[PDB]
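First comes the structure, then the notes that go with it.
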Amino acid sequence: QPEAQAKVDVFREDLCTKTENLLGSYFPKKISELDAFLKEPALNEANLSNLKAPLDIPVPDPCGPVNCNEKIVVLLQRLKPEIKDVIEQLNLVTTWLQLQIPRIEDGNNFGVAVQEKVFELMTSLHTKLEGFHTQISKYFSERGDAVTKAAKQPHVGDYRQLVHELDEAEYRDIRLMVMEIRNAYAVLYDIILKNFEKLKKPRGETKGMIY
Amino acid sequence: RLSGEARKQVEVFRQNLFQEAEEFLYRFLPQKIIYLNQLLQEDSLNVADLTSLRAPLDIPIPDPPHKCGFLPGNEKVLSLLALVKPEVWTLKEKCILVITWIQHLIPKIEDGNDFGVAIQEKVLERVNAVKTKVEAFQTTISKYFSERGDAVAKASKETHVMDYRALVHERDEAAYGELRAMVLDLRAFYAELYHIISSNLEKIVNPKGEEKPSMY
Amino acid sequence: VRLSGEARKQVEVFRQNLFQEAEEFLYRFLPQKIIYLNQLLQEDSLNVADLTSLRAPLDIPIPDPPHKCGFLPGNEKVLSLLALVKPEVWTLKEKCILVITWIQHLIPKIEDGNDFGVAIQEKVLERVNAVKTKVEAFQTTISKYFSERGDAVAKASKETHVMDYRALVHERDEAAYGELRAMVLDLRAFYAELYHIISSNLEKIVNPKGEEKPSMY
Amino acid sequence: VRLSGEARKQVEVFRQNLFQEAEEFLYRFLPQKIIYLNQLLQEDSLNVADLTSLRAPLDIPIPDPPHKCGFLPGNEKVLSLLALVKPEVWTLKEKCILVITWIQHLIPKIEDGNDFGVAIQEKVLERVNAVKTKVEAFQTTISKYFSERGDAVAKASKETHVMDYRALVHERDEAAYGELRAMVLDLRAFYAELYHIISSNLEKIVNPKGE
Amino acid sequence: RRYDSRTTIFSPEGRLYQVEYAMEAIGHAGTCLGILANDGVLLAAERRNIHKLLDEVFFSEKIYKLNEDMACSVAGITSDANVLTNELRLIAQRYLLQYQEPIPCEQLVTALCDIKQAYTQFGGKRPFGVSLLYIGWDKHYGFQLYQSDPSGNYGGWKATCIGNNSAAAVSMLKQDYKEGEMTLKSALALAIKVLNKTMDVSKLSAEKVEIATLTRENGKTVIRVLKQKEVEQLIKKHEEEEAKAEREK
Amino acid sequence: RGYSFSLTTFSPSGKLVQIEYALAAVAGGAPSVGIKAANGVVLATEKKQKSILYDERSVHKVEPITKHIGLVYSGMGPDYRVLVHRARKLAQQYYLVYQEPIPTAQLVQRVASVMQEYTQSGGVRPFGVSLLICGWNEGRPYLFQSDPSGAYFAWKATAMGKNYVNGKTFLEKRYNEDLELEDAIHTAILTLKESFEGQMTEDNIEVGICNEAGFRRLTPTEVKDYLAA
Amino acid sequence: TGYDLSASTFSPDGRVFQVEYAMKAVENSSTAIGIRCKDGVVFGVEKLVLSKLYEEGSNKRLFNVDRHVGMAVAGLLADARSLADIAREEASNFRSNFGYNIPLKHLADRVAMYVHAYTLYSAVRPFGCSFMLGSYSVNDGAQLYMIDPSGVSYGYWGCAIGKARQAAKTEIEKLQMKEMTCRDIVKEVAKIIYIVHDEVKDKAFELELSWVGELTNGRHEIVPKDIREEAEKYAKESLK
Amino acid sequence: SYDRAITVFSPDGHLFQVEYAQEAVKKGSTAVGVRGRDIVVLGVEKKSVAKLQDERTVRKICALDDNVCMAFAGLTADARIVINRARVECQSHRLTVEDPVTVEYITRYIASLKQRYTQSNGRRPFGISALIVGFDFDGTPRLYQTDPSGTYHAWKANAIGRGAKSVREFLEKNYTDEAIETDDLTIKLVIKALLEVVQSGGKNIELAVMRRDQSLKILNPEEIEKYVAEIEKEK
Amino acid sequence: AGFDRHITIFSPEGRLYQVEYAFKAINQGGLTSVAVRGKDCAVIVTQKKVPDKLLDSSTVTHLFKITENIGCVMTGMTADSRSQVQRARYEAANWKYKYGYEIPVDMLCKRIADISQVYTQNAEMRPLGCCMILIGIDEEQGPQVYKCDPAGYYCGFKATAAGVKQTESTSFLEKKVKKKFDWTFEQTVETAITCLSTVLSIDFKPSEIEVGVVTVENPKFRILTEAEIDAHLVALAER
């Protein structure tokens, strides 16, 4: 039925335009923005003693409400949109590349292999970024469980240290996530730009006419 | 030795599967693609600032040194879930149908002239992959309620810890983002199914091909 | 090995029973089950459109902001549909076991070549083992439903103030209904796929090595 | 894809900064880290001979045969060793990310042949990823020390009758000291191995497809 | 695993898959057609090359004359086709040198088919990826149409088609062809009909087909290619007849 | 798979894929253009040189097989010379046998037969070159193409090499059968002007023409005069 | 990596690795050295005695490829004997056609080209032998040539082949062969071979020597046993 | 593993490509042969007319010489080559020894050719088995069979091709000295045997006879119709 | 892949990667050769590196004489170079025998190059991993410089280089021809030596380089002595 192909071709034309605009403008701009955030003073702090947040838990010889580290929370609040955005753009380009895959044929499988390699790196990036998204979620739960353990056992000293160390680890992980999202944008742009001819046109327009 | 009833029964099942496959491929896929595009255009899926979808939690903050009232779930995300969940189940059903149609089209096993069979297995692994992803999405949908209920119960039990309250809000935010991504990839999956099937349809329906001159 | 006449009789009895039962199953039982599952999914109960029809009351006393929970029944719709489905999944697992054993007894002596027929036998064995694993997954998830719903209602009664557990109980019921209709669809599809593959490749399955050669030896 | 002038400038500055940072890391920072880890290994605290010396005092009342627990602090020695080693760990993870993205940017367009250069590049980045996963495992163990010691101390305080929990706490401290010393040693080893591999294969890494 | 290589290995179930893969190639080729009539025999083919900037310098792109008394049309690889036609012409002229009589049609077909079988059997060379129709008149059996395949197997056909949509062509010819009742004009009309059905182009261009007829006039065979005006008249007549059949309903 | 590497192996779906790869080798070759005018036929190709150090007079991409035949190529330079020597030899054999200049159609048939002869044997590779063979015989112009496959076609005008599809579209837009060669050379240089990615000069292109006189390579001064427009 | 399987192949970085693998063959061999001085060329070989059972004057690695030239080999002895047959055939053909004794440079070139033929083709492996050739003629003078498995040929004032090539080469380097005479050079060749021989790894060796020069009237010949014994005693004395 | 080259033996010493060619023979149309006391009858099934095809071009039964004929089941082109080679050998033997070929001589030659193609790689076995019939100088009927392997065996009666197992079981049951007594009985026996495996009786069998000192006669379709009618009526 | 490892098979992009590897084999040697043409002379220079003192310096050479008036310099595998040199000498002598006059430099290059083509088309043998540069004087055309490569390309040149520093050397020479005023014999030799010394950074001594020249006055190819080479070298340093 040609109407279905017409609608799907409208969708694929929209995808091609969106992906081309993505590579042209959004990926470079986001690389710039993310390195700007990286060089910001907040993300790189000389002493994590400043990063340390107070625990108002009593110490032995019912506790007042303990609070999240505002530093970590603000850094996470600016980070999380970046993770969602990069995952969305990765999904867009992944779908675009999957649509460009040609009809399966015995010959001229080169160009299909190029798409396969680029798809492999896209899959790897997807895995790592989903891991980042999971990490942001589990940080709050781990900190909460640690402070609750501390409240249940005020005498145990190292639970305070567990809370503080979770905060410091999340800070360092946040800056590493910013670095990796930047580098993910860059490597995706580089690979697709270099291989764009085969990615867009795997088989090639050439027809031999041996027949 | 098939009975007439047995042969008629398998024949009608095969024909109904084929007609359902054609109907889905050429009608359902375009309609669902445009419909999911409309959902993505809809403002509910396009919420910009997730502080808006943050829902109030009325657990009493403890005074520095009694029972929490009914604490509701977040209306926005549960409504978005009500929107997306039928579509996910529908896609799983249709991908199962595609798998069955391809498997019925797989021919008698013979050596040689196996390229059509290879095409069939390749499209089969692709549809199985989207089956894996959609059932994973179903599992995420199911786990959201349980994890948020555990989070809010923990926050109530330990009022002093506010990390659990932040966790409840964070779970709501992650659920909204995951739901938007789910709708987006449902559209992508329908389109990819159409693309692979339409592109390789000739070999999928007729793998071995036309009967040969028969050297014998 | 030396075999008594009684031993040979017992083995031949098992063999002939397996062969005749496989023939009867694939020729007669499979079409019957295909149409039975087809009409069952065509049944109105499996095609419930408004899922709020399925959700059942949980009489958990909502906590007023500042006594006990009565017997909380299982969802009648879901348990009735499960009562329908469970015979079918166990039956399919039994029949797939029968098909596995039939093909395995048809596997010939190991030999260096003419292994294309045994390759076909191995491929159909791969498929039947795959559907066997799938039906085992169905069999475990049906129990997972009951255990999970019981835990959910216990949590909801214990923590009345949390409403997410109540929403979870309703969601478990809805997801269970979706899984069940997909399940009956898959059961019918597995019966049909077994029929198709076995019928298509029966010649090489029953006689893998093939007819006797002219014997150049 | 149409390249804006600003977009071209952004991608160019990213590539320039990345390559500059790669050269700087390989030739200036990396030997400085190797000598730093050498002297840190030479420090007396990190080569304590008798591990029973760092056995911490765990003051919980022995139950009288047939009252309350004071504050129990963590082991200052292992905490200080953690304060030393943890920056080095996260630093190596960051530099590993830098090397990975640098290599990936040096990977050329996909072509049918002359692929031994890209094979070498893939081998090197595979080793670098292995180094990164080992480093992440060190981070996991560093996080685990606090939670494990807290669980053990809490269990000993809750169940004072059982002495094996106290012995376990002391064992956790000893194992932590050993693991941290091993971390410093293998951090130095990872830095040196990265230098060796990259310096040995630099010509093909920077220029895989011949000229 | 793979019993499809080297054209000399019988696969299990005893099939030569290289020759089958070669038979797959002819299906891509431009459709060629041949019909046998009481007074003559014709060859009609679809000139698959329809590039605008191509010149019709030759006698015909697909139709070849092998001898005074026969011709052939080829579907498959053009290079192997050229080789086979050269071999055919040499075989015919060798027979004429030896016996001083024209080569019998079946004998020429049999000789080339022996070559094609030989290329299958020996290891190094590939099978000829060609299938071609032979038309000729011989004193023994009169007008004859023959088909050959890459396998080296040939048969005699009253009417047949090779190439793309050959199954559709044969299905149409089965109902339409009247045994013992055809004349060259009716066969030409049938050829135009089946070509219009098979060819994707809605209107047969009359530059997208080449038709040649073999007839015996004054005791000498004449192989003639219908000129563009003649085939234009034929398609006009077919369009008029089909429209009138349409107009009645 | 195995079909990719072998030359005597039909792939599934019946493709001799090594030959398609040789055609891909042709496509990478430099642009070449052929236009058959009413009174002549022009062969043109770019002779872009890596450096000024190259001496243009040393080698030519346009070669005469006979007095009235000449050809140009797109693809592998060594293969071109193997077959240009073989073509000259075949033409001289024809002249010895028949004492007449060989027809262009016959020559292209023979060289295509050679090219086919190479494809069959596994020990050899196909010629990674395609040719445009132009000639004037019987007071008529001729233009032909011969591919690595061993097949030949007759073109009013065509292009090979890089961007051959776009060049062919430009030609079919610009082509008129009534063209004289004075115009046709202009059209040919324009067809190449589509695809240089450089400022064409007398050295960077090589062009030749055939007519009743015979084939000739018009000099650098001549092509400068034609380029001036 | 399938590049190293055949000699027809090239590595992606432009290396024919089968030839290098064949060059590694000779290093398995016991050492052999040849030194050229004013009077003539002296050859020496460290022929390891694998068993007492083997006869003396067997497994000879010093061959006479013509009356005026001698050949010393390291690497596979079968390939070496075959190459010696080839060289003898080349010398005989040269005499038969051109009427005089073959020049050593030309003989080295021809056998080197014969060797180089094998590196190209896939059907046949490179030779597993590296050999030295030496001659003296009053016209040409003293000439020493070495041919590797590749077919590279060069003229050496002093040369070594086999396992201990590098050590033998430094010992030869500190010799000043150009001024010296053959009857001293035999003693120094014995010294170098005794030095490079490893007593621990190699149980025992029998020094095998030859020379060509004016003292022979330009005929390659095995050393007289008295001179062999004198050189061997000198080598044992110097070894300390 | 061991099935890709003709030369290589397998463990347990099976040459499998020749077995695959013997399997290829099974695909072919059925053929049957029977030795009557004074007749040898050779019957072959016909696949289908296709309604636009000329039956004369396709003939499985062929005469090598005046006194010998063969039928084949297997690759048709290979059969054509083998038939031509055996014919030229027949005429060459008559040239060399001034005597007509014996049936065992020609089946030996055909077997030797097939064997020659099996032994060497770079050549594939002829994918045919043949049924050679003739009358020797003494006048005794002779029936021989050949296969791709190159072994040849005399048979009182045999079948080759598809359904050979079934029809030969039928023939083992039916064949006896009584049936061979009459020439018409021999023809009817082979017709019934082919009827055991064929879609339709008269249309799909091509049958021929050789008498003691007469050339091959392909029975007319009317004669075959009469014989099947006589066979059909008796049932 | 597998599209490499055999010369016959084409890549899916039709590139024949094996010959391209043979081109790398030339650079594996670590030596460079330069050839530059002049109005009345043509010169070839190349590095001469003696790995061991024991090697006779006279024997090692990359400059060979194909015939009395043609000289070549080979870069690549020494053995393949010597074999191609022998084939060139045979081709030149056979040309003289058949056609009665000395082979032109262009025809010699063409013969050697088409031989290299038969190597790069037939399966079993491998392309010779060497590059040839031929210099001679033709009466009609004056001096000539030509180069064969493993592929079969044989183009003539005003000036060229081969080896590891080919790109640097041709960049240097391209500038010098662009500022074209002339090249007499001394300036030709100086240009060659300056190109080689600049790209390598060597600052040569007479032993390290071997130079060969042809001139219209003295057509015979001659390999200059160490004294002549030092005479040219000192003149370079003085100015």
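In order, the protein sequence lines correspond to chains n, o, p, m, P, O, T, Q and U.
Take the first sequence: its letters are residues 7 to 67, 100 to 249, numbered as in the entry's author numbering.
Take the second sequence: its letters are residues 8 to 72, 89 to 239, numbered as in the entry's author numbering.
Take the third sequence: its letters are residues 7 to 72, 89 to 239, numbered as in the entry's author numbering.
Take the fourth sequence: its letters are residues 7 to 72, 89 to 233, numbered as in the entry's author numbering.
Under the entry's author numbering, the first residue of the fifth sequence carries the number 3, and numbering increases by one thereafter.
Under the entry's author numbering, the first residue of the sixth sequence carries the number 3, and numbering increases by one thereafter.
Under the entry's author numbering, the first residue of the seventh sequence carries the number 5, and numbering increases by one thereafter.
Under the entry's author numbering, the first residue of the eighth sequence carries the number 2, and numbering increases by one thereafter.
Under the entry's author numbering, the first residue of the ninth sequence carries the number 7, and numbering increases by one thereafter.
Where a beta carbon is used, it is the ideal one built from N, C-alpha and C, also for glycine.
Residue i at chain U interface by Cβ criterion, 8 Å
i        : result
O:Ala40  : no
n:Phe17  : no
O:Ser115 : no
Proximity test, Cβ basis, 8 Å: residue i and chain o
i        : result
P:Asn167 : no
P:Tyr19  : yes
O:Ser15  : yes
P:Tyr5   : yes
Residues bridged to residue i [DSSP beta-bridge criterion]
i        : result
T:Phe47  : T:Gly38, T:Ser214
T:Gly162 : T:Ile39
P:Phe145 : P:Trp139
P:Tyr66  : P:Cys74
Q:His154 : Q:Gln146
Cutoff 8 Å; reference residue i; Cβ partners in own chain excluding five residues on either side
i        : result
P:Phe61  : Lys67, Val227
m:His183 : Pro69
Environment of residue i [buried if 16+ CB atoms lie within 10 Å]
i        : result
U:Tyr105 : exposed
P:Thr185 : exposed
U:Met80  : buried
Below-8 Å beta-carbon distance, residue i vs any chain n residue
i       : result
P:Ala31 : yes
m:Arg34 : no
Cutoff 8 Å: residue i Cβ touching any chain p Cβ
i        : result
P:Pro106 : no
Test: residue i CB closer than 8 Å to a CB of chain P
i        : result
O:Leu173 : yes
Under 9 Å (Cβ pairs) to chain U, residues found in the stretch 123 to 151 of chain m: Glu133, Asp134, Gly135, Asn136, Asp137: these are the residues of the stretch 123 to 151 of chain m whose beta carbon lies less than 9 Å from some beta carbon of chain U, given in chain order.
Residues in the stretch 148 to 163 of chain U having any Cβ partner in chain T nearer than 9 Å: Of all residues in the stretch 148 to 163 of chain U, none comes within less than 9 Å of chain T when Cβ atoms are compared.
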